[PDB]
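Each remark here refers to the structure printed beneath this line.
Reconstructed Cβ throughout: ideal geometry from the backbone, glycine too, with neighbour counts over all protein chains shown. Read-outs: derived from the displayed coordinates by stated rules, not from any lab.
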Amino acid sequence: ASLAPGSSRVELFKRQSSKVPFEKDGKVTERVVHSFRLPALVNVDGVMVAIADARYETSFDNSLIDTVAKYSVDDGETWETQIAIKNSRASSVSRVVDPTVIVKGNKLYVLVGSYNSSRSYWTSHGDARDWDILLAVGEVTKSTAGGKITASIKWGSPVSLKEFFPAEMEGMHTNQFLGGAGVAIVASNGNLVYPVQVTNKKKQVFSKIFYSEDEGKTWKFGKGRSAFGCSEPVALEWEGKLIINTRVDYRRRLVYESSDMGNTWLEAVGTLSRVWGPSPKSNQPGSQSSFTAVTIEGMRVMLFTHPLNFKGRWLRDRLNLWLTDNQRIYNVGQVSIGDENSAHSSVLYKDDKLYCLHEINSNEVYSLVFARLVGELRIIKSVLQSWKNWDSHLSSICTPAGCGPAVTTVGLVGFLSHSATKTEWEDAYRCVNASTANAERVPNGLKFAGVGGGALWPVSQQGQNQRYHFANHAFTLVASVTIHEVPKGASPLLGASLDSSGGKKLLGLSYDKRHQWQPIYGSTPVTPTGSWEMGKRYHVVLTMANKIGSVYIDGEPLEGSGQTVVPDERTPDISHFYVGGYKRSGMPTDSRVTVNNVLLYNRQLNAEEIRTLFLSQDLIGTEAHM
Ligand SMILES: OC[C@H]1O[C@@H](O[C@H]2[C@H](O)[C@@H](O)[C@@H](O)O[C@@H]2CO)[C@H](O)[C@@H](O)[C@H]1O
């Protein structure tokens, strides 16, 4: 339970306690609600709106559900309650579901699925007999009446958008669709954009972008789609693309990019795709996720939440929040408390305060808690100042022949330099440390010695959540090194390992008893090349892209460098990077070397940025700057 220092919370929508105005046959009554689910928390012009399911009788998905809203004009001290949308009232189990919310001006656009009488889960329905898809538009107006600031919201009659759903898509016959739940966006050209989950007559699930250029009068689907198996998509716009982050049951979450309103989808292999696991071993159901772009203290970042689900199934305990600038991926920490069940969530950033509406579940009775994320916003601002300082400090270095090109920070993701503890080498970017053994701190890095010496920067080793999954598609690992002793055989100095030992490599660099380098390319025959001297430091660059590895000493490729390291159409799964040894006592090499300033970029640096880092190795360390 990390609800941070100075952060606190209330139980806003109290299961079996909070009442709503329930309407039926021309009569409104105050009704105690069983469970509140599917939190959507937004800002309309300074009115904090909280939208959710009111699951009246039971938390069963297929039961009687209206869309409730609660709205506050004082940043969630007091709230007014209403029912935003009501179901058909056609049976005891009629329902409007997966409320998905777009804010635009003083308007709230809410899309829901609607079901009349089925008790089966929607993905199992072989047709659309019980289903409709409805947009209701709520309008917020703002008074300062009788002295104090007041507000209300008038909700419109839902309008069916079923006319806008084609009966065919590529290679399939359509079935039903719903919003991804949570909060959607207005694009920077003004369009309304819902990422939606859709099923076909084969009952497969897959995600699309459903949009409107006309304030919601009419609706299109992007031509493209996600893989099958992708559900509850949640989307934001980042630097002119849509980022569509999807739930994938029993798998790691797939993230996609689309630069043309969803006409073409490319998997975001270089950044965020397959980063987040739905459970420790990613073999459990996943979750709805809050996924938004904000500007905090002048930097555009993204915020993402998803339960860790230690418990497995749909329990979905331990809601975590993540920060990213589409390069570094920082775990802010756990928002929910202890081991409580805590599946959906909605993060709002408003007037430079952070808030989160999330579920808590005990025994299938759900409340939505409203939390003030003050400590979290503090951690975030600190991590961001850190990102800003290192990028600015690296980028103002005057690189030598006054000045050559700046040290590149585009795509720099991790940085091991001057800070280290007794057993860890610290990421200056503060997201992923390397563990160490037999490590002696020297300026801007470590000196390693003896069997099992070295550092380990985890890749797949990060566990359920893998920030460095990009490395499987491209990376550049850079480092200054010095060999202090002539090894007895070939010893490692640096590389990306595919297994836990370091014995099955993707790409690495070793050095041998003959004073030669042994760059290693996958499982290819190793060929010693070049020459070094005990005591001279050297600059080393490993790049991999397009399934091609290359090794540089002092800014210059080794002879025969640029070989195939991925020997077929399967994607590697890198376990970790090893630095200055294997950091394994089972591996019988002894690397006696010093390694300074390890940089990890999410791309193949080009000739010039490699030559700049080389000539700049003495200027980039963190040493002076702490
Ligand atoms: O546990 C509450 C959640 O149930 C999920 O439905 C599961 C169900 O729990 C499981 O026991 C079995 O029947 O499979 C269902 C999926 O087809 C719902 O998906 C989820 O939304 C919660 O209500």
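Multiplying the sequence separation of residue 513 and residue 422 by 0.36 nm and subtracting their Cα-Cα distance, what value in nm do you get? Kindly include the intermediate steps, with their values, before the conclusion.
Details: separation 91, 0.36 × 91 = 32.76 nm, distance 3.04 nm.
Between residue 513 and residue 422, full extension yields 29.7 nm more.
Please list 487-493, 241-247 highest first by mean number of surrounding beta-carbon atoms within 10 Å per residue. Working shown, then result.
Values: 487-493: 19.4, 241-247: 24.7.
So the order, starting with the most tightly packed, is 241-247, 487-493.
In this structure the amide hydrogen of residue 558, modeled in the peptide plane, comes within under 5 Å of the amide hydrogens of 551, 552, 553, none closer than 5 places in sequence on its chain.
Using 0.36 nm times the number of residues separating residue 263 and residue 144, minus their current alpha carbon distance, what extension gain do you get? Each step should come with its number before you reach the end.
Numbers: separation 119, 0.36 × 119 = 42.84 nm, distance 4.52 nm.
The residue 263-residue 144 span can extend by a further 38.3 nm.
Put a dot 7 Å past the Cα of residue 90, heading toward its Cβ, do the same for residue 313, and the two dots end up 3.1 nm apart.
Pairs exceeding 18 Å between alpha-carbon atoms, taken from 447/505; 447/513; 107/220; 14/311; 104/142: 447/505; 447/513; 107/220; 14/311.
By the rule of a second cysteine Cβ within less than 4.7 angstrom, the chain holds isolated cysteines at 230, 356, 431. What's the FRET efficiency of residue 203 with residue 484 using the Cβ-Cβ distance as r and R₀ = 45 Å, to the nearest 0.05? The value I calculate is 0.10. Each of residue 30 and residue 385 was given a label point 7 Å from its Cα along the Cα-to-Cβ line. The distance between the two points is 4.8 nm. Note on region 25-104: Cα Rg divided by 2.2 N^0.38 Å, N the number of residues, gives 1.13. Measuring r between the beta carbons of residue 16 and residue 398 and using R0 = 51 Å, the FRET efficiency lands at 0.20.
Pairwise over distinct Cα atoms, reciprocal of the mean inverse distance: report the Kirkwood radius of the chain in Å, one decimal place. Roughly 26.2 Å, rounded to one decimal.
How much length is gained if the chain between residue 569 and residue 626 is pulled fully straight, taking 0.36 nm per residue apart and subtracting their Cα-Cα distance, in nm to one decimal? Don't jump to the answer; show the numbers that get you there.
Numbers: separation 57, 0.36 × 57 = 20.52 nm, distance 4.54 nm.
Contour length minus the Cα-Cα distance gives 16.0 nm.
Convex hull volume of the C-alpha atoms in region 1-372, normalised per residue: 139 Å³. Largest first, the three principal axis extents of the alpha carbons in region 373-626 are 54, 47, 38 Å in whole numbers.
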